[PDB]
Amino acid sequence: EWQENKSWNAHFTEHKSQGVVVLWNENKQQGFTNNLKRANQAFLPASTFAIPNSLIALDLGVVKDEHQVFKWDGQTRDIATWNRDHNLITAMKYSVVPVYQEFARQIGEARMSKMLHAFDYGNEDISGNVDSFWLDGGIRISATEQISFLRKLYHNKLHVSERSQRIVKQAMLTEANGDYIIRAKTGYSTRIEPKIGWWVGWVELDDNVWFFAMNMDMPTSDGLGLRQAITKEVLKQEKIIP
């Protein structure tokens, strides 16, 4: 079942914001959200598209492994961490769009369309060329749809190799300590309103996994740390992390 817990709206309104958190308790097969409507509204994925793009690139051999180096093209872009050589791990850490656009061009439109359909990722009616559609609004996805996709990835159930799925889950590693492991991907959609932040992923515990997907209003880049901070406040409230 799904349970709506409107008490989590306080974690957004404390920051003069609005958003949705969606949680899924894998052991109990139960979901929770503050806003069932916004949980099911589709937003541009922005940098969260790094997950399916990386899976497809690895499965087709566009990317050999997580050590392959994608050289900087020497064009200075306005995110400083993009202006250097990357591998699949650092490209995900720094959300390096130009690396992902070269992956997409090599995948090509036909194989990209077929794979996203196989993954049941995003809307049926995608539009835009293969290096741009995932930046310019040609694909969108909801927080509940991000959870369903991430559950398939966690269980190695996507229609790509087990190896591809294991490598991308390695690249998603964000935090680990003696209490929990978080595998996740941030996003920040700026090209089309509403400007939003994403954080999608899961928390591994000794005896359970909690999937999460959040998006929130992001009128300026000043608020970007709230993607992780508000999510962690909800996880702490629900006793998932200490």
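Numbering starts at 1 and runs along the sequence shown.
Visitor: Highest mean C-alpha temperature factor of the two stretches 84-92 and 120-128, which is it?
Guide: It is 120-128 that shows the higher mean C-alpha B-factor.
Visitor: Take the C-alpha B-factors listed in the entry for 224-232 and for 12-20, compute each mean, and give the stretch with the larger one.
Guide: Looking at the recorded C-alpha B-factors, 12-20 comes out higher on average.
Visitor: For the listed residues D65, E204, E175, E193, which one has the largest C-alpha B-factor as given in the deposited model?
Guide: Each of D65, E204, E175, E193 was compared by C-alpha B-factor; the highest is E193.
Visitor: What third of its chain, lowest, middle or highest, does the C-alpha temperature factor of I147 fall into?
Guide: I147: CA B-factor falls in the lowest third of its chain.
Visitor: Against its chain's modelled residues, does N27's Cα B factor rank lowest, middle or highest third?
Guide: For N27, the deposited C-alpha B-factor lands in the highest third.
Visitor: Among the chain's modelled residues, which third holds the C-alpha B-factor of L135?
Guide: Tercile = highest for this residue's CA B-factor.
Visitor: Sorting the chain's CA B-factors, does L36 end up in the lowest, middle or highest third?
Guide: It falls in the top third of the chain.
Visitor: Considering every modelled residue of the chain and its Cα B-factor in the PDB entry, is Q106 in the lowest, middle or highest third?
Guide: Within its chain, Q106 is a highest-third residue by C-alpha B-factor, going by the deposited values.
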